[PDB]
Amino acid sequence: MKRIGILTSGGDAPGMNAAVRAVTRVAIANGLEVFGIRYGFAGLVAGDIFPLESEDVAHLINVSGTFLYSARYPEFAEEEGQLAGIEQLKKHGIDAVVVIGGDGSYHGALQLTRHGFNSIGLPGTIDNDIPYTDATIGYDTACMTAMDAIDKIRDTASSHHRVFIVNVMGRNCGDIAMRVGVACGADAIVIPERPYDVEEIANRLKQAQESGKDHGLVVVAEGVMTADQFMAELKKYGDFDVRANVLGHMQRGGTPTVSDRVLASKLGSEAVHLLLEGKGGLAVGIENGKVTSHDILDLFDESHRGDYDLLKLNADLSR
């Protein structure tokens, strides 16, 4: 193995750039040549591939987004795109690929591996929705973005004795909602993985109101329903002074946190090392607070488990 490729795929996340940096620099420290692949698997098929020198990854560690760009490509799942991407890989002498993205992009890493181009999946997504990892790159930053936004909501809610219903991101995963909900002392948190009871939430808010609390907050994972939809259901059970906000795509951006930058650096390094020892078809992540890797095949049979105990904890904390 002499040359490696890097691509970012799926929805961008803060810290992707730190991962590209880490892969590039650890690879160059081990005698490898590095190539950037733009627009994910889309540019792979198009042949948007270029040499990445060590100097080319300067001033990136603190930068959000992906400087390589990301773009969706359905035909890469099919043999048409596979072969076209592979021909492009061969054209540039690339032997192996690091794929930075969500578990969706891991499919492409596996297909590449099966065609003789060993590949590693690296978790870059805000959602933390990948099996066998407790963290994905971008997740901590999204949580901070949402927390800071909801802190501001709590300021205005408190001045006015208002209840807010707030959508956070997550896709079909409730991890952002639970973590941000606890961090922002939400009265209730509503997620796809665990049952919720609108009437019970209404009762919580009523009791809090009676106890003199000057604000209310329900954090609703976007995967359940919109804030507007939840607010409408809530209003059936009581007369509340309530507003609904949807935080939106700000959760995908911003300079990556200390945790995201370090996580991206650890995982990028691990990916290169796995490749150096002749491994492929692996996804790297965090288990039991340490860096681990698994066959991508094994992830496709499993589901992400979030920290659902946070709901029980917040049940005590919300008064």
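The first residue of the shown sequence is 1; numbering continues from there.
request  = Averaging the C-alpha B factors as listed in the entry, name the stretch that ends up higher: 29-37 or 60-68.
outcome  = On average, C-alpha B-factors are higher across 29-37.
query = So 11-19 or 304-312, which one's hotter by mean CA B-factor in the entry?
reply = If you average the C-alpha B-factors of 11-19 and of 304-312, the larger mean comes out for 304-312.
request  = Could you say which of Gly174, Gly238, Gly185, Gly138 has its CA atom at the highest B factor, as listed in the PDB entry?
outcome  = Highest C-alpha B-factor among the listed residues goes to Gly238.
message = Maximum C-alpha temperature factor per the entry, among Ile86, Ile150, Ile189, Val163, belongs to which one?
response = That would be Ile86.
key: Record-listed C-alpha B factor of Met250: chain third   = Lowest third, going by the recorded CA B-factors of the chain.
inquiry  = How does the C-alpha B factor of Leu217 compare with the rest of the chain: lowest, middle or highest third?
reply    = It belongs to the lowest third of the chain when residues are ordered by C-alpha B-factor.
ask   = What third of its chain, lowest, middle or highest, does the C-alpha temperature factor of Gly268 fall into?
value = Middle third by C-alpha B-factor.
ask   = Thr156: which third of its chain by C-alpha temperature factor?
value = Ranked within chain, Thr156 CA B lands in the lowest tercile.
inquiry  = Quick check on the deposited entry: does the C-alpha B-factor of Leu282 sit in the lowest, middle or highest third of its chain?
reply    = Within its chain, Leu282 is a highest-third residue by C-alpha B-factor, going by the deposited values.
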